[PDB]
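Undergrad: Got a structure for you, written out below as C-alpha cells; questions coming shortly.
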Amino acid sequence: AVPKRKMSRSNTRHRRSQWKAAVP
Amino acid sequence: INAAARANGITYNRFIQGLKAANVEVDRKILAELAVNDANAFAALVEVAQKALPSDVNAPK
Amino acid sequence: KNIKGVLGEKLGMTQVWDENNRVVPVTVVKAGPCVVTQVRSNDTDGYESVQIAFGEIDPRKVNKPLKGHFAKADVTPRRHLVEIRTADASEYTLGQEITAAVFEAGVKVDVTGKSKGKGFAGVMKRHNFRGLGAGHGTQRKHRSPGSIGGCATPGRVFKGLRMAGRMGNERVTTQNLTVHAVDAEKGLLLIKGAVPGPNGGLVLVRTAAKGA
Amino acid sequence: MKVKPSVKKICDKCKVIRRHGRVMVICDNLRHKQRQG
Amino acid sequence: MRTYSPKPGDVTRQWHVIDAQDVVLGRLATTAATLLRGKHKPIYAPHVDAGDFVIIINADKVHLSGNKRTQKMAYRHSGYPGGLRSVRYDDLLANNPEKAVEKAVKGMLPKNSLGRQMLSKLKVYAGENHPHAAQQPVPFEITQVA
Amino acid sequence: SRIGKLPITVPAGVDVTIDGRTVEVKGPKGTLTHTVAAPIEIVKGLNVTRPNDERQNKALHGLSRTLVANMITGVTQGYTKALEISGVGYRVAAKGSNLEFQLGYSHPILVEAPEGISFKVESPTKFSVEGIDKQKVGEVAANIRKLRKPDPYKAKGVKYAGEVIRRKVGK
RNA sequence: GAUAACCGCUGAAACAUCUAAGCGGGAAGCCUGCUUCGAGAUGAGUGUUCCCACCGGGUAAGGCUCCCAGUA
RNA sequence: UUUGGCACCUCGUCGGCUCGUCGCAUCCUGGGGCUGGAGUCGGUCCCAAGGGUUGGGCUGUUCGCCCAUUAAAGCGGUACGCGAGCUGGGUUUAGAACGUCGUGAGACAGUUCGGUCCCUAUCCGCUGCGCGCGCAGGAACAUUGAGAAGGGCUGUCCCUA
RNA sequence: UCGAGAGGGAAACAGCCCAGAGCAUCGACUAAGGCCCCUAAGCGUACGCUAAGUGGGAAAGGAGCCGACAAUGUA
C-alpha cells in the first residue's frame with residue numbers, strides 16, 4: 001500500500017513523541 | 001424584546017403593533033437596550049403600546 | 001434463589017469407579033475452609049450478597065486497609081475474596097466458617113474460574129475458521145481469515161466481526177458439573193468433568209443456577 | 001379464513017362487521033369467513 | 001455603543017418545579033426546554049447558558065393523546081449488525097418514565113456542545129418527592145398569554 | 001339508544017349506592033362495583049342519562065345501562081351456566097372446590113374455581129357454573145369448554161346446554 | 001410478562017356482534033431468565049477498611065522502579 | 001432479482017473456496033383458519049426470520065439430471081457481496097490445427113491443445129493490548145448495572161396404547 | 001431560469017418559487033415561505049370536519065379505512 005496523503009504536521013508529531021528514551 | 005415583553009404580559013406579536021399605533025417608533029437596536037438595563041423605561045413603553053391597541057384586536061378592521 | 005458457594009483450588013484430575021464399574025473422570029477441588037467477612041443487604045448496600053474469604057497468607061503480606069477490614073469480622077487475614085450473589089444473605093454471620101462439605105454426593109454445581117491463557121491466538125485456533133487448502137496452488141494464504149466484508153456497500157467492516165486476538169485467560173463458568181464425592185477429612189470435592197483454569201487456579205463452586 | 005381485499009356477502013346470513021380496523025364477514029357457514037387485507 | 005452581551009456573573013439561575021400531572025408530554029418538553037435554554041429572560045444570548053434549573057415531579061403521569069401509548073416507538077441502534085432495539089411507550093412510560101421525558105426535552109434543544117450543558121439542568125423524577133429541597137425551588141405553572 | 005332509554009328497576013332488598021360515577025350494589029348474594037365511563041351519568045328515579053346525541057355518546061348510553069342492569073340481576077338472582085358432556089368415557093367429578101375432568105386424555109384435568117365462582121355437579125355428564133359477575137361466569141364456562149372442542153364427526157367434548165352443534169358426514 | 005395470526009366473556013351504536021368502553025387465552029418470535037464485558041454510564045455510581053489536618057517542598061496510608069519467575 | 005430501452009458518473013465478466021451480513025415472497029422447526037380434514041399423512045391460506053438448511057457422480061460451469069441420506073436439503077439483495085483475501089477451470093492477446101467463409105492477407109455468440117494474477121497499510125473500518133488524563137482529600141479491596149455481546153438447531157425408541 | 005446569477009425558501013438539492021448583488025450601515029417595511037422547541041415570528045381569535053399520526057406517498061376494486069408489499073439502522 002501507499003500513503004494516500006501527506007501526513008499533517010499535528011498527526012506526524014503526535015506519533016514521534018512516542019519515540020522517546022527512558023531515564024535510567 | 002420578546003422575552004422582556006412576555007414578562008409584562010404582552011407578546012412581541014402585538015407589542016410592536018401597539019407601538020406603531022402610538023407613533024413612538026424607536027429602533028429595535030435601542031428598544032432592546034432598554035429591556036436589559038432600564039426595565040422601568042421598557043415597562044413604561046409596554047404601557048403605551050398596550051393603550052394604543054384597539055379594544056378587541058381580532059374584530060374586522 | 002438460594003445459592004451456596006465456596007472457593008476452591010483445582011489440584012488435578014484422576015479417575016474413580018462408581019459402584020456400577022463406570023470410569024468417572026473426576027477433578028480434585030480443595031474447597032475450604034472459607035469464612036464470611038461481610039454481609040451486604042438491601043438497605044446498607046442495595047443488594048443481597050455474602051463475601052467469603054479463602055486462602056492462606058501470613059499477616060505480613062496484607063496491607064493495613066485489608067488488615068483492618070478483616071479485623072471487623074474477627075478472622076485471620078486470607079488472600080482471596082469474592083461475593084456469592086444469593087437471596088438469603090441475612091442468614092449468615094461474620095466469621096462463620098463454610099467448610100468443604102457444604103455440598104453432598106450427587107448435587108450439581110456450577111464451577112467458575114479463569115480459563116487457561118493462550119497468547120495471541122490465530123484466526124483458526126480462536127474461531128475454528130477453515131483455511132484455503134495446502135495444495136492446488138494457494139499463494140501464502142493457507143490460514144488466512146478470508147474476506148471481511150462486502151464491496152462499496154457498506155464499504156465498512158461490520159463491528160463484532162471475528163478476527164485474531166488474545167485468547168483465553170478470561171472468566172469461564174462450566175455448568176451442571178456433578179459433585180461425585182465429598183471427602184470431608186481433607187476437604188476435597190471430586191467433581192465429574194473438567195473445571196476451567198490451570199492446576200492451582202482459584203475456582204468457585206456454587207449451586208446449580210439452573211434446575212431449581 | 002379467506003384473506004382477500006374484496007370482501008362480500010355470499011349468502012343472506014353473512015354479517016359484515018368492522019373489528020380492529022379490519023372489515024370481516026362472520027357467518028354460520030364457516031367457509032364464508034372473510035377478512036380484508 | 002455595542003449591544004450588551006452577558007458576562008459570567010450577570011446570570012442568576014433560579015429553580016422551577018413543573019408538576020407534570022396529566023399534562024401533555026409535548027407541552028411539558030417545550031416549556032421545560034424554554035426555561036432550560038434561558039430564552040425567557042432579557043439577558044439571553046445565543047452563546048451562553050442563561051436558563052434555569054427545571055425539576056420535574058410526577059414524570060410518570062404524562063398524558064398522551066390518541067394511540068401513541070401503543071404505536072410510538074423509541075429506536076436505539078448499537079452499531080453491531082441487527083442491533084436496532086425499539087420500545088413502545090406503554091413499556092417505556094411504565095418503568096422508565098424519567099428516561100422518556102428527558103429524551104423528549106433533549107430533542108427540543110441544540111445538539112451542539114452547549115445544548116448538552118443546558119440539558120444537565122433538568123432533574124426528572126417519578127414521585128412527588130425530589131431531593132433538591134435545599135435549592136428552594138419555586139413551583140412553575142404553565143400559562144399562556146393574550 | 002332504545003335500550004338506554006328504558007328505566008332500571010331495583011327489587012326490594014337491594015342497597016344501591018351512587019358515589020359520583022362509581023356505583024356499588026349490595027345484594028343478598030354479594031356486592032359489585034363499577035366506574036361508569038364518561039360522560040354518561042346515572043340518577044336514581046335508576047335512569048341513565050347522556051349529555052349530547054353524539055355517535056359515541058349513544059353507544060356508551062346503552063352499554064353503561066346494560067352493565068348496571070346485569071349487576072342488579074346478578075346480586076339478586078345471579079347467573080348460572082349449564083354445561084353438558086357428550087362422548088365416550090368422558091366424566092366430570094367434583095373434588096371439593098375443584099373439578100376433575102377426563103376428556104379422553106392421558107392425564108386428568110383439574111380446573112380450579114376462581115374467587116366468587118362455584119361449581120355444581122348434577123350428573124357426570126351435566127354441570128353448571130354459578131356466579132354473581134356475568135363476565136366472570138361466562139369466562140369460566142368458555143374456558144371449561146375450551147378443554148375439548150366438540151368434534152364435527154361425533155360431537156365429542158363439552159358443549160353449552162342446548163347448544164346445537166353442526167355435524168359433518170365423515171367421508 | 002406483554003404479543004402476532006387466531007380462539008372467546010360481557011356489550012352497544014341498531015336481536016346480533018371477540019370491540020366501539022373493558023376483560024382473558026394465545027407462537028422456536030419480543031422483554032426477561034443463562035454466560036461474558038460493563039461507571040470514559042464526563043450522568044464518571046455504591047460499600048468496608050486505612051491514613052489525618054504538615055511546612056513550591058518533605059511526608060502518612062498505599063504505590064511505582066529494579067531482580068527471580070509463571071498461574072501471563 | 002431476467003431479456004431489454006436511454007447513454008447520466010467512471011477511458012480482468014463467470015465459477016469455486018474463506019468470511020460474513022440483511023430481506024421474507026418460509027424448505028424444516030413453532031402457532032392457527034378452512035378443508036372434497038374418519039385416523040397417519042396431506043392441500044390451501046394466515047402468523048412467524050430465533051436457529052437450522054449434508055455428502056457425492058457429470059460438466060469451467062451458475063443452472064440442470066442423478067445417487068445415499070436428512071426434521072430440511074428455501075428464494076433473493078449486498079459493484080449478478082467478497083482476487084490490495086486465495087484459485088485461474090471457461091471467457092478477451094500473441095503459437096497451432098479442424099469445419100465453414102474469403103482469390104488473399106485473414107475472419108467466425110463454431111471447436112480444439114498451450115498460455116506471467118504485482119503491492120512493506122498513510123487515513124477510515126475491524127480484532128486485541130498499552131500509555132496520559134479525568135471522575136475536588138489520598139489509597140486497598142468487592143461490587144450495583146445503563147448498555148452491549150454470546151446462546152436460541154433437531155432426530156429416533158419406550159410408556160400412555 | 002441555469003449556462004454567465006449572488007441573496008431568501010423547498011432539510012440538503014445548477015434548471016422549481018421570490019428576487020437581479022457598485023461599496024458601507026449593530027435603522028425600517030416587505031416578496032416567496034413561515035410564526036409549539038430545534039429556529040426569527042401566533043400554544044393567535046371564531047365556526048366546522050378528521051380518529052386514520054390521515055396530515056407525513058399510489059390503482060382497479062371493496063365496506064377518513066382497506067387495497068399497501070425487500071433487502072446496513074428508525075428511515
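Each chain in the C-alpha cells gets a letter, A, B and so on, in the order shown; residues start at 1 in every chain, and ligands are counted from 1 in the order they appear.
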Report as a list in words: the residues of region 42-110 of chain F with a DSSP assignment of helix (DSSP H, G or I), based on the backbone of this structure.
TA: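 Selecting the helix (DSSP H, G or I) positions of region 42-110 of chain F gives residues 55, 56, 57, 58, 59, 60, 61, 62, 63, 64, 65, 66, 67, 68, 69, 70, 71, 72, 73, 74, 75 and 76 of chain F.
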Undergrad: Which residues come within 9 Å of region 28-45 of chain F, counting only C-alpha atoms (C1' of nucleotides), excluding same-chain residues fewer than 5 positions away, as a PyMOL selection string?
TA: (chain F and resi 7-8+13-14+18+20-23+50-51+57+60-61+64-65+67-68+71+74-78+132-133) or (chain G and resi 21)
Undergrad: Please provide the set of residues having any atom within 6 Å of region 107-109 of chain C, restricted to only C-alpha atoms (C1' of nucleotides), with same-chain residues fewer than 6 positions apart removed, written as a PyMOL selection string.
TA: chain C and resi 176-179+206-208
Undergrad: Pull out every residue of chain E sitting within 6 Å of chain B, counting only C-alpha atoms, and send them as a PyMOL selection string.
TA: chain E and resi 40-42
Undergrad: Could the residues in this selection be saved with N, CA and C atoms as a JSON list (two decimals), in the first residue's frame?
TA:
```json
[["chain", "number", "residue", "atom", "x", "y", "z"],
["E", 40, "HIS", "N", -36.28, 33.06, 28.08],
["E", 40, "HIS", "CA", -37.43, 33.76, 28.62],
["E", 40, "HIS", "C", -37.05, 35.03, 29.36],
["E", 41, "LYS", "N", -35.76, 35.34, 29.45],
["E", 41, "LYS", "CA", -35.28, 36.48, 30.20],
["E", 41, "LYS", "C", -34.54, 37.44, 29.27],
["E", 42, "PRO", "N", -34.54, 38.74, 29.58],
["E", 42, "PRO", "CA", -33.96, 39.72, 28.65],
["E", 42, "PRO", "C", -32.45, 39.64, 28.53]]
```
Undergrad: Would you kindly report the residues of chain C within 9 Å of chain G, using only C-alpha atoms (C1' of nucleotides), as a VMD selection string?
TA: chain C and resid 38 40 44 to 46 63 to 70 72 116 to 117 119 169 to 173 197 to 201 209 to 210
Undergrad: Find the residues around residue 27 (chain E) up to 12 Å (only C-alpha atoms (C1' of nucleotides) counted), leave out those fewer than 5 positions away in its own chain, and share them as number ranges by chain.
TA: E: 18, 20, 22, 32-34, 62-65, 101, 104-105, 108, 142-144; I: 36-37, 43
Undergrad: Just write the chosen residues, C-alpha atoms (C1' of nucleotides), as a PDB file, in the first residue's frame.
TA:
```pdb
ATOM      1  CA  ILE E  18     -43.016  21.617  36.848  1.00  0.00           C
ATOM      2  CA  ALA E  20     -46.340  17.057  35.100  1.00  0.00           C
ATOM      3  CA  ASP E  22     -51.684  14.690  33.411  1.00  0.00           C
ATOM      4  CA  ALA E  32     -39.004  22.782  30.041  1.00  0.00           C
ATOM      5  CA  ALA E  33     -36.759  23.496  27.048  1.00  0.00           C
ATOM      6  CA  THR E  34     -37.651  27.198  27.033  1.00  0.00           C
ATOM      7  CA  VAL E  62     -47.759  12.499  31.461  1.00  0.00           C
ATOM      8  CA  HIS E  63     -50.987  12.316  29.472  1.00  0.00           C
ATOM      9  CA  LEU E  64     -50.506  11.034  25.918  1.00  0.00           C
ATOM     10  CA  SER E  65     -53.296  11.596  23.415  1.00  0.00           C
ATOM     11  CA  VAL E 101     -39.276  12.778  29.375  1.00  0.00           C
ATOM     12  CA  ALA E 104     -38.116  14.425  24.645  1.00  0.00           C
ATOM     13  CA  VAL E 105     -36.535  17.571  26.085  1.00  0.00           C
ATOM     14  CA  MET E 108     -36.030  20.204  21.813  1.00  0.00           C
ATOM     15  CA  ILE E 142     -47.880  26.557  32.690  1.00  0.00           C
ATOM     16  CA  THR E 143     -49.768  29.578  31.356  1.00  0.00           C
ATOM     17  CA  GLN E 144     -50.475  31.286  28.038  1.00  0.00           C
TER      18      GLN E 144
ATOM     19  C1'   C I  36     -45.077  24.745  19.858  1.00  0.00           C
ATOM     20  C1'   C I  37     -38.884  23.682  20.587  1.00  0.00           C
ATOM     21  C1'   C I  43     -49.642  27.161  22.357  1.00  0.00           C
TER      22        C I  43
END
```
Undergrad: Taking only C-alpha atoms into account, which residues of chain C are within 12 Å of chain E, as a PyMOL selection string?
TA: chain C and resi 154+156-161
Undergrad: Leaving out residue 11 (chain F) and any residue of its chain fewer than 6 positions from it, which residues lie within 10 Å of it when counting only C-alpha atoms (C1' of nucleotides), given as a list in words?
TA: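 Skipping anything fewer than 6 positions along the chain leaves residues 27, 72, 73 and 76 of chain F.
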Undergrad: Near residue 84 (chain E), counting only C-alpha atoms (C1' of nucleotides), which residues have an atom at most 8 Å away, once you skip same-chain residues fewer than 6 positions from it, shown as a ChimeraX atom specification?
TA: /E:75-78 /I:73
Undergrad: Residues near residue 11 (chain E), anyone? I mean within 12 Å using only C-alpha atoms (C1' of nucleotides), not counting same-chain ones fewer than 2 positions away, as a PyMOL selection string.
TA: (chain B and resi 36) or (chain E and resi 5-9+13-14+38+41-45+48-52)
Undergrad: With N, CA, C and O atoms retained, export the selected residues as a PDB file, in the first residue's frame.
TA:
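File written: part.pdb
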```pdb
ATOM      1  N   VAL B  36     -32.871  45.333  28.924  1.00  0.00           N
ATOM      2  CA  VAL B  36     -31.807  44.778  29.753  1.00  0.00           C
ATOM      3  C   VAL B  36     -31.503  45.711  30.916  1.00  0.00           C
ATOM      4  O   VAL B  36     -31.647  45.342  32.087  1.00  0.00           O
TER       5      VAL B  36
ATOM      6  N   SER E   5     -23.761  42.102  25.832  1.00  0.00           N
ATOM      7  CA  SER E   5     -23.583  40.659  25.786  1.00  0.00           C
ATOM      8  C   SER E   5     -23.245  40.180  27.191  1.00  0.00           C
ATOM      9  O   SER E   5     -22.254  40.653  27.773  1.00  0.00           O
ATOM     10  N   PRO E   6     -24.009  39.261  27.777  1.00  0.00           N
ATOM     11  CA  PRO E   6     -23.847  38.985  29.205  1.00  0.00           C
ATOM     12  C   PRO E   6     -22.509  38.341  29.520  1.00  0.00           C
ATOM     13  O   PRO E   6     -22.039  37.447  28.813  1.00  0.00           O
ATOM     14  N   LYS E   7     -21.905  38.818  30.595  1.00  0.00           N
ATOM     15  CA  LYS E   7     -20.626  38.336  31.085  1.00  0.00           C
ATOM     16  C   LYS E   7     -20.857  37.272  32.146  1.00  0.00           C
ATOM     17  O   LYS E   7     -21.986  37.057  32.590  1.00  0.00           O
ATOM     18  N   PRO E   8     -19.810  36.566  32.581  1.00  0.00           N
ATOM     19  CA  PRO E   8     -20.032  35.460  33.516  1.00  0.00           C
ATOM     20  C   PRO E   8     -20.259  35.946  34.939  1.00  0.00           C
ATOM     21  O   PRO E   8     -19.312  36.101  35.716  1.00  0.00           O
ATOM     22  N   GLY E   9     -21.518  36.196  35.282  1.00  0.00           N
ATOM     23  CA  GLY E   9     -21.862  36.786  36.559  1.00  0.00           C
ATOM     24  C   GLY E   9     -23.089  37.670  36.475  1.00  0.00           C
ATOM     25  O   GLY E   9     -23.629  38.089  37.501  1.00  0.00           O
ATOM     26  N   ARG E  13     -29.316  32.087  38.151  1.00  0.00           N
ATOM     27  CA  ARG E  13     -30.198  30.973  37.842  1.00  0.00           C
ATOM     28  C   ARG E  13     -31.182  30.724  38.976  1.00  0.00           C
ATOM     29  O   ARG E  13     -30.838  30.840  40.155  1.00  0.00           O
ATOM     30  N   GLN E  14     -32.415  30.384  38.612  1.00  0.00           N
ATOM     31  CA  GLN E  14     -33.457  30.019  39.558  1.00  0.00           C
ATOM     32  C   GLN E  14     -33.794  28.542  39.405  1.00  0.00           C
ATOM     33  O   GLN E  14     -33.273  27.848  38.528  1.00  0.00           O
ATOM     34  N   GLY E  38     -32.813  29.309  28.691  1.00  0.00           N
ATOM     35  CA  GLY E  38     -32.706  30.691  29.118  1.00  0.00           C
ATOM     36  C   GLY E  38     -33.264  31.672  28.121  1.00  0.00           C
ATOM     37  O   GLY E  38     -32.747  32.786  28.002  1.00  0.00           O
ATOM     38  N   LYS E  41     -35.759  35.341  29.448  1.00  0.00           N
ATOM     39  CA  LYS E  41     -35.279  36.484  30.196  1.00  0.00           C
ATOM     40  C   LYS E  41     -34.541  37.442  29.269  1.00  0.00           C
ATOM     41  O   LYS E  41     -33.967  37.018  28.263  1.00  0.00           O
ATOM     42  N   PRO E  42     -34.536  38.740  29.582  1.00  0.00           N
ATOM     43  CA  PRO E  42     -33.956  39.718  28.653  1.00  0.00           C
ATOM     44  C   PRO E  42     -32.448  39.640  28.534  1.00  0.00           C
ATOM     45  O   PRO E  42     -31.883  40.343  27.691  1.00  0.00           O
ATOM     46  N   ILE E  43     -31.775  38.828  29.338  1.00  0.00           N
ATOM     47  CA  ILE E  43     -30.325  38.718  29.277  1.00  0.00           C
ATOM     48  C   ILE E  43     -29.892  37.575  28.360  1.00  0.00           C
ATOM     49  O   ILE E  43     -28.737  37.157  28.393  1.00  0.00           O
ATOM     50  N   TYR E  44     -30.804  37.074  27.530  1.00  0.00           N
ATOM     51  CA  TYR E  44     -30.478  35.984  26.624  1.00  0.00           C
ATOM     52  C   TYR E  44     -29.372  36.373  25.656  1.00  0.00           C
ATOM     53  O   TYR E  44     -29.305  37.506  25.177  1.00  0.00           O
ATOM     54  N   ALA E  45     -28.495  35.419  25.381  1.00  0.00           N
ATOM     55  CA  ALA E  45     -27.555  35.478  24.276  1.00  0.00           C
ATOM     56  C   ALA E  45     -27.424  34.075  23.711  1.00  0.00           C
ATOM     57  O   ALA E  45     -27.643  33.092  24.426  1.00  0.00           O
ATOM     58  N   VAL E  48     -24.222  31.676  25.500  1.00  0.00           N
ATOM     59  CA  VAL E  48     -24.033  31.433  26.922  1.00  0.00           C
ATOM     60  C   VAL E  48     -25.305  30.815  27.476  1.00  0.00           C
ATOM     61  O   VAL E  48     -26.411  31.146  27.036  1.00  0.00           O
ATOM     62  N   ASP E  49     -25.149  29.917  28.442  1.00  0.00           N
ATOM     63  CA  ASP E  49     -26.296  29.299  29.089  1.00  0.00           C
ATOM     64  C   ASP E  49     -26.841  30.229  30.164  1.00  0.00           C
ATOM     65  O   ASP E  49     -26.156  30.514  31.152  1.00  0.00           O
ATOM     66  N   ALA E  50     -28.075  30.692  29.976  1.00  0.00           N
ATOM     67  CA  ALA E  50     -28.735  31.562  30.934  1.00  0.00           C
ATOM     68  C   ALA E  50     -29.977  30.931  31.542  1.00  0.00           C
ATOM     69  O   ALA E  50     -30.657  31.584  32.340  1.00  0.00           O
ATOM     70  N   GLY E  51     -30.287  29.691  31.197  1.00  0.00           N
ATOM     71  CA  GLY E  51     -31.513  29.073  31.649  1.00  0.00           C
ATOM     72  C   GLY E  51     -31.511  28.767  33.129  1.00  0.00           C
ATOM     73  O   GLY E  51     -30.544  28.987  33.855  1.00  0.00           O
ATOM     74  N   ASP E  52     -32.647  28.247  33.573  1.00  0.00           N
ATOM     75  CA  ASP E  52     -32.896  27.954  34.971  1.00  0.00           C
ATOM     76  C   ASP E  52     -33.056  26.452  35.159  1.00  0.00           C
ATOM     77  O   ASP E  52     -33.571  25.754  34.282  1.00  0.00           O
TER      78      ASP E  52
END
```
Undergrad: Which residues of chain H are close to chain E, meaning at most 9 Å apart when you count only C-alpha atoms (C1' of nucleotides), and how do they look as a PyMOL selection string?
TA: chain H and resi 21-22+148
Undergrad: Residues as selected, N, CA, C and O atoms (P, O5', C5', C4', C3', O3' and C1' of nucleotides), written as a PDB file, in the first residue's frame, can you do that?
TA:
```pdb
ATOM      1  P     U H  21     -22.875 -12.982  10.589  1.00  0.00           P
ATOM      2  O5'   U H  21     -23.649 -11.775   9.911  1.00  0.00           O
ATOM      3  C5'   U H  21     -23.179 -10.447  10.054  1.00  0.00           C
ATOM      4  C4'   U H  21     -23.875  -9.515   9.099  1.00  0.00           C
ATOM      5  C3'   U H  21     -25.368  -9.734   8.927  1.00  0.00           C
ATOM      6  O3'   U H  21     -26.145  -9.191   9.977  1.00  0.00           O
ATOM      7  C1'   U H  21     -24.373  -9.501   6.810  1.00  0.00           C
ATOM      8  P     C H  22     -27.567  -9.843  10.333  1.00  0.00           P
ATOM      9  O5'   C H  22     -28.541  -9.253   9.229  1.00  0.00           O
ATOM     10  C5'   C H  22     -28.725  -7.854   9.098  1.00  0.00           C
ATOM     11  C4'   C H  22     -29.447  -7.511   7.823  1.00  0.00           C
ATOM     12  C3'   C H  22     -30.795  -8.178   7.625  1.00  0.00           C
ATOM     13  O3'   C H  22     -31.840  -7.517   8.314  1.00  0.00           O
ATOM     14  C1'   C H  22     -29.524  -8.362   5.642  1.00  0.00           C
ATOM     15  P     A H 148     -28.387  -1.887  24.067  1.00  0.00           P
ATOM     16  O5'   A H 148     -27.028  -2.700  23.944  1.00  0.00           O
ATOM     17  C5'   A H 148     -25.937  -2.146  23.233  1.00  0.00           C
ATOM     18  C4'   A H 148     -24.696  -2.998  23.314  1.00  0.00           C
ATOM     19  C3'   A H 148     -24.820  -4.440  22.869  1.00  0.00           C
ATOM     20  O3'   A H 148     -24.873  -4.603  21.466  1.00  0.00           O
ATOM     21  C1'   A H 148     -23.587  -4.353  24.862  1.00  0.00           C
TER      22        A H 148
END
```
Undergrad: For chain I, list the residues within 12 Å of chain E, counting only C-alpha atoms (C1' of nucleotides), and write the list as JSON, numbers by chain.
TA: {"I": [26, 36, 37, 38, 39, 42, 43, 44, 45, 51, 52, 53, 72, 73, 74, 75]}
Undergrad: Pick the closest to chain B from I:48, I:3, I:28, I:8: which is it, counting only C-alpha atoms (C1' of nucleotides)?
TA: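 Checking each candidate against chain B, we get I:28 as the closest.
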Undergrad: Counting only C-alpha atoms (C1' of nucleotides), what are the residues of chain D within 10 Å of chain I, and for each of them which pair of atoms is the nearest and at what distance in Å, to one decimal? Sort the table by chain and rising number, as JSON lines.
TA:
```
{"residue": "D:4", "atom": "CA", "partner": "I:67", "partner_atom": "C1'", "distance": 9.1}
{"residue": "D:5", "atom": "CA", "partner": "I:67", "partner_atom": "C1'", "distance": 5.7}
{"residue": "D:6", "atom": "CA", "partner": "I:62", "partner_atom": "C1'", "distance": 4.7}
{"residue": "D:7", "atom": "CA", "partner": "I:62", "partner_atom": "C1'", "distance": 6.1}
{"residue": "D:8", "atom": "CA", "partner": "I:62", "partner_atom": "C1'", "distance": 7.6}
{"residue": "D:16", "atom": "CA", "partner": "I:63", "partner_atom": "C1'", "distance": 7.9}
{"residue": "D:17", "atom": "CA", "partner": "I:63", "partner_atom": "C1'", "distance": 8.9}
{"residue": "D:18", "atom": "CA", "partner": "I:63", "partner_atom": "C1'", "distance": 8.8}
{"residue": "D:21", "atom": "CA", "partner": "I:65", "partner_atom": "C1'", "distance": 7.3}
{"residue": "D:22", "atom": "CA", "partner": "I:66", "partner_atom": "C1'", "distance": 7.1}
{"residue": "D:23", "atom": "CA", "partner": "I:63", "partner_atom": "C1'", "distance": 6.9}
{"residue": "D:24", "atom": "CA", "partner": "I:63", "partner_atom": "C1'", "distance": 9.2}
{"residue": "D:36", "atom": "CA", "partner": "I:66", "partner_atom": "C1'", "distance": 6.5}
{"residue": "D:37", "atom": "CA", "partner": "I:66", "partner_atom": "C1'", "distance": 6.5}
```
Undergrad: Take the residues just selected and output them with N, CA, C and O atoms as a compact mmCIF listing (two decimals), in the first residue's frame.
TA:
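File written: out.txt
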```
# COMPACT_ATOMS: atom_id res chain seq x y z
N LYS D 4 -58.81 -11.68 1.46
CA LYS D 4 -59.00 -11.08 0.15
C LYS D 4 -59.32 -9.60 0.34
O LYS D 4 -60.12 -9.27 1.22
N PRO D 5 -58.73 -8.70 -0.45
CA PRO D 5 -59.14 -7.29 -0.39
C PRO D 5 -60.61 -7.07 -0.73
O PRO D 5 -61.22 -6.14 -0.20
N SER D 6 -61.19 -7.89 -1.61
CA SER D 6 -62.61 -7.78 -1.94
C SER D 6 -63.38 -8.74 -1.05
O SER D 6 -63.30 -9.96 -1.20
N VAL D 7 -64.14 -8.18 -0.11
CA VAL D 7 -64.90 -8.96 0.87
C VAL D 7 -66.37 -8.67 0.65
O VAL D 7 -66.81 -7.52 0.78
N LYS D 8 -67.14 -9.70 0.32
CA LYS D 8 -68.55 -9.56 0.00
C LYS D 8 -69.37 -10.64 0.71
O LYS D 8 -68.86 -11.70 1.07
N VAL D 16 -71.58 -8.32 7.83
CA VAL D 16 -70.36 -7.55 7.61
C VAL D 16 -70.13 -6.69 8.84
O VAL D 16 -70.97 -5.85 9.19
N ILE D 17 -68.99 -6.89 9.51
CA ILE D 17 -68.66 -6.17 10.73
C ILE D 17 -67.24 -5.62 10.60
O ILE D 17 -66.45 -6.06 9.76
N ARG D 18 -66.93 -4.64 11.44
CA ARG D 18 -65.63 -3.98 11.45
C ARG D 18 -64.98 -4.25 12.80
O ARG D 18 -65.43 -3.74 13.83
N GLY D 21 -60.24 -2.27 13.07
CA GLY D 21 -59.92 -1.57 11.84
C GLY D 21 -59.93 -2.42 10.59
O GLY D 21 -59.54 -1.92 9.53
N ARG D 22 -60.35 -3.68 10.69
CA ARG D 22 -60.38 -4.60 9.56
C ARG D 22 -61.81 -5.07 9.35
O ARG D 22 -62.49 -5.46 10.31
N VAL D 23 -62.27 -5.03 8.10
CA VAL D 23 -63.61 -5.48 7.78
C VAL D 23 -63.59 -6.99 7.56
O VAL D 23 -62.79 -7.49 6.75
N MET D 24 -64.44 -7.71 8.28
CA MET D 24 -64.57 -9.15 8.10
C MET D 24 -66.04 -9.53 8.08
O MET D 24 -66.91 -8.81 8.57
N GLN D 36 -60.48 -8.73 5.27
CA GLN D 36 -59.97 -7.83 4.26
C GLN D 36 -58.52 -7.48 4.56
O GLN D 36 -58.20 -7.01 5.66
N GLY D 37 -57.64 -7.70 3.59
CA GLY D 37 -56.23 -7.43 3.76
C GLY D 37 -55.37 -8.18 2.75
O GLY D 37 -55.86 -9.03 2.01
```
Undergrad: Record the distance separating CA of residue 128 (chain F) and CA of residue 149 (chain F), expressed in Å with one decimal.
TA: 17.6 Å
Undergrad: So what do you get for CA of residue 54 (chain E) versus CA of residue 42 (chain B), distance-wise?
TA: 27.9 Å
